[PDB]
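Only one chain is given next, in structure tokens, and it is the form deposited without the partner chain.
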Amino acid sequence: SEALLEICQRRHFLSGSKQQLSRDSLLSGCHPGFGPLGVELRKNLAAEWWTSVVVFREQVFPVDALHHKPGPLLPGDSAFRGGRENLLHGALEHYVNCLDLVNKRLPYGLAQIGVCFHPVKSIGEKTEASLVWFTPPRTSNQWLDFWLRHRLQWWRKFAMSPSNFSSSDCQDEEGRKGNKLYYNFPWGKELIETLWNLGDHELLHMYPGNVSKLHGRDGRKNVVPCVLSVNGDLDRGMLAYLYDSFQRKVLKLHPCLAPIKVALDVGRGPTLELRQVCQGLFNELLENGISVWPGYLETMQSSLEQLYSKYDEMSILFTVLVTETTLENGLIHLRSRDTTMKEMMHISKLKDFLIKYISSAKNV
């Protein structure tokens, strides 16, 4: 029973009047959408998942699975319009050609990140992140044991209290054996990801006919793969990550995640020169790939308290202020979203600063 969800509108993480902010609407995927920051938080979040599963470990590749389903369909079932339910289906279909992609060796998976449609009657839109891992029966229980473990330490990575993220085992959906990751929300836990061991089923359903046209070599042993589908919902995550950045107000979000890094403005200074060197910096930063809020284009001052208590209400790692005292040396000063402190620093070092503060937090 908090207001955090409001702050998500006042600072644009969410859109819509106080009605549409119905925890349902949100959870169930029937909200009107996110505000600029949210988007970024999601775009930001996602890439972090792409770099955490596609980048480094590559012999896994991106797949473009359509949104709707043309042609025929099945007898009844609670489905509307014909658009994708999940991202797995599209993935599978590719399995046979992209199988060439790895000189036909296993294991190997296809990744994608897109929006999926769940009916609730009205529709729902959720941005899920999926990787359909094909496996050699031999090491099938093994990889599941694997990912799960891995995937968990991922989310906990960015948390300010990781232990609210937990794992669980379970069985028989489309086969026994499976896992689930949850985020604990003040009211209760909710599902943010699914990890099942599809076995050679579905796949065989999709490809009736031959058994050889598939089964990619194992270790000289040509065997029909075991479909392992890992599908995690990004909106409900992006949503989870937020409560984790709250209890003053302030949104303590893990840097690499933040919708925007630093924001700069102006203090006891004139104008031109201020928003002179300012322009330069704005460009210096984005140049080096850093999100910056051009506060310096704003009006008055709105005090500094008003200003600080919004930037915090927006999760802006840092808040740097430039005053005429700058143009005579290179002295500006930043206020840490957290340490609420305001050291001073030499502008030109600002650049390499944020770069490493992030470059650091990134490792940790």
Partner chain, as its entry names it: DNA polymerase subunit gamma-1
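Positions refer to the first chain, counted from 1.
This next part talks about the form deposited with the partner chain bound, which is not shown.
Asks: Considering the partner chain in the bound PDB entry, which of 205, 268, 220, 213 comes within 4.5 Å of it through any heavy atom?
Replies: That would be 220.
Asks: So in the bound PDB entry, is the partner chain close enough to residue 327 to count as touching (4.5 Å, heavy atoms)?
Replies: Contact with the partner chain, yes.
Asks: Considering non-hydrogen atoms and a 4.5 Å limit, does the partner chain approach residue 143 in the bound PDB entry?
Replies: Yes, contact at 4.5 Å.
Asks: Classify residue 174 as contacting or not contacting the partner chain in the bound PDB entry by the rule of any non-hydrogen atom within 4.5 angstroms, answering yes or no.
Replies: Residue 174: no, not in contact with the partner chain in the bound PDB entry.
Asks: Within 4.5 Å, heavy atoms only: does residue 189 come near the partner chain in the bound PDB entry?
Replies: Looking in the bound PDB entry, residue contacts with the partner chain do not include residue 189, since no heavy atom lies within 4.5 Å.
Asks: Can you list, in sequence order, the residues from 263 to 284 that come within 4.5 Å of the partner chain in the bound PDB entry, counting heavy atoms only?
Replies: The stretch touches the partner through 273 alone.
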